[PDB]
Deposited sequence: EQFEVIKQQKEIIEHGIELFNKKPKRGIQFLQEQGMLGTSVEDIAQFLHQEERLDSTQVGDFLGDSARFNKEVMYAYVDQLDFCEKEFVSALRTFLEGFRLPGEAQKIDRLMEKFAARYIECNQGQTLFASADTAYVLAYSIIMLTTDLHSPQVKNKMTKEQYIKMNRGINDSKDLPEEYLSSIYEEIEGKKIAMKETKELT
């Protein structure tokens, strides 16, 4: 009768395919008229139906396709970093998917994560975030990583990245407190 609705629920096949062939699950979720032809709807879908492979969304939201560098931009501008410290944005950003081991890709997201961070003081430019967004990636990676017996220290974490914005360095404090956030919690 009005269970005409339970038929769109079939948008499960689109994520069944998306999880292996992402360039398909989306292609299909339009041939049926389920997803927005435009991109903002794809950075959105990739933001809505969370039964999507958290590692398929990753690779997708970061490829070299004109359609992608934006499908991701609409995804970066769907995540609000309003009124919260850097560590969080990253925390709450890098939780919508799982970061891919592709070097040319990380920098894409880390460029429009940083660049867009500085849109919404302790930062000189947006290339300090994209360069601090790493000290934090290499932070949790080293510490919250079983095997590297010797875990990174404090007067080592901070003293290391001496000069993340311009010639001068970031307050030896932002670095301290940020240290006990990751030393306490693991973004991954």
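Residue ranges with no C-alpha coordinates, please: along the deposited sequence, counted from 1, in order.
Since the structure holds only modelled residues, the stretches it omits are 1-2, 123-126, 195-202.
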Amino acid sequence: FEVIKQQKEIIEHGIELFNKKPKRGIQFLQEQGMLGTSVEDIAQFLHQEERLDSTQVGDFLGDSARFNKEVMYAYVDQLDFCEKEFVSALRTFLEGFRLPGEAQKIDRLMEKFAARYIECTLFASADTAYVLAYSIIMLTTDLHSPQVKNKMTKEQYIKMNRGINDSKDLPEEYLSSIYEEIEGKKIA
From here on, numbers count along this sequence of modelled residues.
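How does residue 84 rank on Cα B-factor within its chain, lowest, middle or highest third?
Highest third.
Looking at the C-alpha B-factor of residue 118, is it in the lowest, middle or highest third of its chain?
Highest third of the chain for residue 118's C-alpha B-factor.
Residue 147, C-alpha B-factor rank within chain (lowest, middle or highest third)
Highest third of the chain for residue 147's C-alpha B-factor.
Could you look up the Cα B-factor of residue 132 in the entry and say which third of the chain it sits in: lowest, middle or highest?
Its C-alpha B-factor, which the entry lists for residue 132, ranks in the lowest third among residues of this chain.
Which third, lowest, middle or highest, does the C-alpha temperature factor of residue 140 belong to within its own chain?
Tercile = lowest for this residue's CA B-factor.
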